[PDB]
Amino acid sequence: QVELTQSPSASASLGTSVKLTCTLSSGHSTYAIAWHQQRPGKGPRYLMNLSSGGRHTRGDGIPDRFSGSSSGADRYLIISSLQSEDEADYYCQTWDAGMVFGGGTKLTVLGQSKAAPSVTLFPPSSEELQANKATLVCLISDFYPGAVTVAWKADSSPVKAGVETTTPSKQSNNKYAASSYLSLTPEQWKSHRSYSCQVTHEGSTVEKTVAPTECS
């Protein structure tokens, strides 16, 4: 039975048409297919089915700008007037003895405006310190593009042990984000006057800084 082949990635600029491709295996060029969209971390959403001769029939509530066509063994999904909420994996599927899927094509939508990150730094909670632990959390949000290098400082000199930083991920705001957790003992935390986390993004550094034992 049939196989579907989609190259893994595509990119295009906001406002343009994009033409994603699904390729039916040799000897199945008369097959019909469906298309589905999976935005990141969600379930897929059926978009349309598509005949061998290019007739596309959208699902319910899928906008006009989604469409499709065919050439030989290739099946296309045209997205016109491309919008930043179209950034997603698009799977083709068909049917033969079984139900079969393509491997998906992750579409990236380019053209959105450069935005600098938005760091907010917490010290350890009184509760945590009382549990003989201490964690500083440096939370970075609202940047494009997603290249971000994070640097922790104890007083003024670099910290090597302790740090764990998440790789950046797109979000509901269509801008990137990351967490960085520094794990210390309370005694280490109290051994300096202030820690800083330093997010540098597009050769430009944003800093925040916290101190300890003034509270009571």
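All residue numbers refer to positions in the sequence shown, first residue = 1.
When the C-alpha temperature factors are averaged for each of 125-133 and 86-94, which stretch ends up with the higher value in the entry? Taking the mean C-alpha B-factor of 125-133 and of 86-94, the larger value falls to 125-133.
Entry-level comparison of average CA B-factors, 149-157 and 61-69, reporting the higher stretch: The entry gives the higher C-alpha B-factor average to 149-157.
Which has the highest CA B-factor per the PDB entry: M48, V163, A32, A177? Top of the list by C-alpha B-factor: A177.
Pick out which of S80, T105, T108, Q112 has the highest C-alpha B-factor in the PDB entry. Of the options given, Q112 has the highest CA B-factor in the PDB entry.
Quick check on the deposited entry: does the C-alpha B-factor of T205 sit in the lowest, middle or highest third of its chain? For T205, whose C-alpha B-factor we compare with every modelled residue in the chain, the answer is the highest third.
Once the chain's modelled residues are ordered by C-alpha B factor and cut into thirds, is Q38 in the lowest, middle or highest one? It belongs to the lowest third of the chain when residues are ordered by C-alpha B-factor.
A116's Cα B-factor: lowest, middle or highest third of the chain? Highest third, going by the recorded CA B-factors of the chain.
Check where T5 lands among this chain's C-alpha B-factors and tell me if it's the lowest, middle or highest third. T5: CA B-factor falls in the lowest third of its chain.
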